[PDB]
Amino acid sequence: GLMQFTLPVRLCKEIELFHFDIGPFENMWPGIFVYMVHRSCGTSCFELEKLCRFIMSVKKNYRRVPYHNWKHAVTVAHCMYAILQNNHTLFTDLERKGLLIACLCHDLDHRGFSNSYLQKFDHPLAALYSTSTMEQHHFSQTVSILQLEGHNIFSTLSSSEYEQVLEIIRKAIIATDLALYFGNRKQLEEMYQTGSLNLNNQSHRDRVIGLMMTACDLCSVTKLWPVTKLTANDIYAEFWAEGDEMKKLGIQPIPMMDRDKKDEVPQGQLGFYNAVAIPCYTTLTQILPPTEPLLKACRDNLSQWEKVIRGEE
């Protein structure tokens, strides 16, 4: 256990910042993740051989799709790392263990299609899981990989601690269904404003961890503008392929997914920042003040989309 992972200087410094981009070198992403586990959890948290085997099977179970791919998994895990490292004393040891794994696993075996497309196509997954269809699938894939021989990274926990970590992971992964975010955020907003928010209340922590999951999942809007803008291309590449598959079933896609409305993307981003992203980081910053850099970066990117609309960029 004298075997620390170490990053080149620029990465060692910049990985601590919320806006870090993990880079185009896929083969460095596993080491970046182990580095983050070792600092946010400890060199004691997992056996290195088991953790390495788990990461590589997780990678193999992400698909070659434009956005919901292995790079997205590691990107979402890094945003969680930055949240955890900026709120040293707010989280339990089980939470530090579970949440980086949940982030790495949270889109396992994504096919690049929405819950709504699986329901309209009548995919078998839509009959097995009637709500949060893909997110129940991602959690089921995580359990599968944890059960492969030599892949049980939680083997040193008691039965009850193992049950607890798998429940943190399950709830964190379900919470990445954006349909559930609007309601979660409204309850958190009321709880904060009436001062009823209690981090010793388990159902309150669960809500706060859900919002952390949304914030990490949406973190492309918190990056430097060139990263944000190029990530948006990948996001729409998926939506528009789904739009094409909606038109093949004889269904007009929603505007978000209709490549004929390419021109409105700037205005679509404004709506998304104002309805989803800004509210997300605003409520997160109220509950967890040291996450403010996420809100500040989001607002800078909103202002860049505003520039695009005025043709100033």
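We call the rigid core whatever largest set of C-alpha positions still superposes within 1.5 Å between the two forms. Residues carry their position along the shown sequence, with the first being 1.
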{"property": "Greatest C-alpha divergence in 7 other deposited structures of this protein once each structure is fitted on the rigid core, 279-287 or 249-257", "result": "249-257"}
{"property": "Greater Cα displacement in 7 other deposited structures of this protein once the core is superposed, comparing 240-248 with 31-39", "result": "240-248"}
{"property": "Mean temperature factor over C-alpha atoms, higher-scoring stretch between 85-93 and 166-174", "result": "85-93"}
{"property": "42-50 versus 270-278 - which carries the larger mean C-alpha B factor in the record", "result": "42-50"}
{"property": "Residue selected from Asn69, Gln252, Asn61, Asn27 by maximal Cα B factor", "result": "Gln252"}
{"property": "Among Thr231, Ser132, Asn152, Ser116 - the residue whose C-alpha B-factor is largest in the record", "result": "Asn152"}
{"property": "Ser140, C-alpha B-factor rank within chain (lowest, middle or highest third)", "result": "middle"}
{"property": "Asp206 CA temperature factor, ranked by third within the chain", "result": "middle"}
{"property": "Ranked against its chain, the third holding the CA B-factor of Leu224", "result": "middle"}
{"property": "Third assignment of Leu188 from its chain's C-alpha B-factors", "result": "highest"}
{"property": "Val265 CA temperature factor, ranked by third within the chain", "result": "middle"}
